[PDB]
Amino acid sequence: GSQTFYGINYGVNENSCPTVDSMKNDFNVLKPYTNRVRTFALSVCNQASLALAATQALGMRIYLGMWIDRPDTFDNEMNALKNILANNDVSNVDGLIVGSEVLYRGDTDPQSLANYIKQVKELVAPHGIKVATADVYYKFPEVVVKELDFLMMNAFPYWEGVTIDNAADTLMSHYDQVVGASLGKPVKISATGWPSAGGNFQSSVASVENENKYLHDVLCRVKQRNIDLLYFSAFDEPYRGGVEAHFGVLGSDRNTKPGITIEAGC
């Protein structure tokens, strides 16, 4: 069952950082289901350096995310990238994800993002690392895509008000649009998921039974079409409040969630 998930998203609490030994215990819970994890920032909590050490000791692999937001984060993260290359073995890195939903939020303009991606590529290419960015299905303009090695989609049919029976179909439909803007380059999925509690969003109902169905349906759909997927997410994060606190495959205390069975729908 170690090949059920291609990979899983791993959240970090910025107000209460983990340690190397802490991450190792966390990744051991996931090891029967997966061999890959993904982190969202480099310098915050020194998480990249610690996750590189944790995964390498357990024979697992990793996607490294760069968190770019306000003007400061461009310089701050680039300097942290430089330090990783000088201080760490990076042979188990499957890719570097420059920003998550940068264009959706309106943090910078398409040309500025395109230029920043080029600087990153010039640095990591000699180490044989591939570059991407992650955003919503309708935010992949040609100027950005030209600088990429591959594309990564974030899509959540729950926030769109789509019913559970149609949810996986909509995801695949959104995937086709990204391919339409891909210029022929590989397209992966960096985040999708479904909440187990917190109420509803229009016709989208949050329940344990619905998260279980969504998990099964999405895993089948990606296996049929040979799409690489990073599922969202590993553990429930209570410090996020409401709906955002129930996206985990397993519980916040690291035990399993009753009603969730970890398997693909086909």
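Position 1 is the first residue in the sequence shown; the rest follow in order.
Stretches 194-202 and 66-74 differ in mean CA B factor, with 66-74 having the higher one. Taking only CA atoms, the mean B-factor in the PDB entry is higher for 115-123 than for the other of 93-101 and 115-123. Per the PDB record, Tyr239 has a higher Cα B-factor than any other of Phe40, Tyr214, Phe235, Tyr239.
Per the PDB entry, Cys45 shows the highest C-alpha temperature factor of the residues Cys45, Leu230, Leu52, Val222. Sort the chain's modelled residues by C-alpha temperature factor and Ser252 lands in the middle third, per the entry. When the CA B factors of the chain's modelled residues are split into thirds, the value for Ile189 lands in the lowest one. Split the chain's modelled residues into thirds by C-alpha temperature factor. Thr133 is in the lowest one. For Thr108, the recorded CA B-factor ranks within the highest third of the chain. Only modelled residues enter the ranking.
Ranked by C-alpha B-factor against the other modelled residues of its chain, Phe140 falls in the highest third.
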